[PDB]
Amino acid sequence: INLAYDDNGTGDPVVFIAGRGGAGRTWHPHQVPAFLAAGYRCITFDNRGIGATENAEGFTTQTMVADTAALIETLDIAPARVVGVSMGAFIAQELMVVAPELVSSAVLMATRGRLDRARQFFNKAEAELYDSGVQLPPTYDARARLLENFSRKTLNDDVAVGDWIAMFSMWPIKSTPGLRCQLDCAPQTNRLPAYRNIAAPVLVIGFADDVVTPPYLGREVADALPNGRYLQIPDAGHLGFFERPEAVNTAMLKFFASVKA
């Protein structure tokens, strides 16, 4: 299948890969304008399992890597810069393994390279939640999103919390066969040994208060990557890029301006 995508600007191409449950649209409130102002061309799209393909099941990481590859080819932008978060970082990482020629450099946020215990606990809890058929009431659900995703600093802030709660109604996350299948697109094995063969410059960004994918797992990906280096953002939850856009964009942009297209 070809997937919905969204092409802006002219210049060195950057492809954004969202996390589980996220659409291309996730990149537009805070990332795309800042990249455009810096002269890049931005591509965002809907991962398989999202939007038009939310009933897609039986797909794997590998299917998702080929989707991304196909997109990079179909637009004739190889090699592109690649920005990915979480599942998206994991898809970026694996694309660079099978198709290094498609990617010039990458930013990977909130990522990991093996099946660590935090990931297992989360895999079990989430899978269980889906198979039970249970519907969390909205306010309890909004509470879990709040604690899962934001820094302590943010939660202490009355105006922000009102926003983030409001903002949840504009970003409904429907439980779908696609969303369940994306649960499986995560490392199953140690991938760090495979990562030691990636040539491309890579920046790994860890968010300090991240509990879904804690920072130290990003240091590990940065260490396995010959040209990798790790950066940490203080006071950012798992949605660090939405919560601290300026600090996050400045870092991706200083990094991307330092490497060749």
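All residue numbers refer to positions in the sequence shown, first residue = 1.
As the entry records it, the average C-alpha temperature factor is higher for 183 to 191, out of 183 to 191 and 105 to 113. In this entry, the higher average B-factor at the C-alpha atoms falls on 155 to 163, of the pair 117 to 125 and 155 to 163.
Per the PDB entry, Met170 shows the highest C-alpha temperature factor of the residues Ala80, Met87, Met170, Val83. Per the PDB record, residue ranking by Cα B-factor puts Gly58 in the highest third of the chain. Placement of the Cα temperature factor of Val98 within the chain: highest third of the modelled residues, per the deposited record.
In the PDB entry, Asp46 places in the lowest third of its chain by CA B-factor. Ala199 sits in the middle third of its chain by CA B factor, as recorded in the PDB entry. Among the modelled residues of its chain, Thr213 has a C-alpha B-factor that falls in the highest third, as given in the PDB entry.
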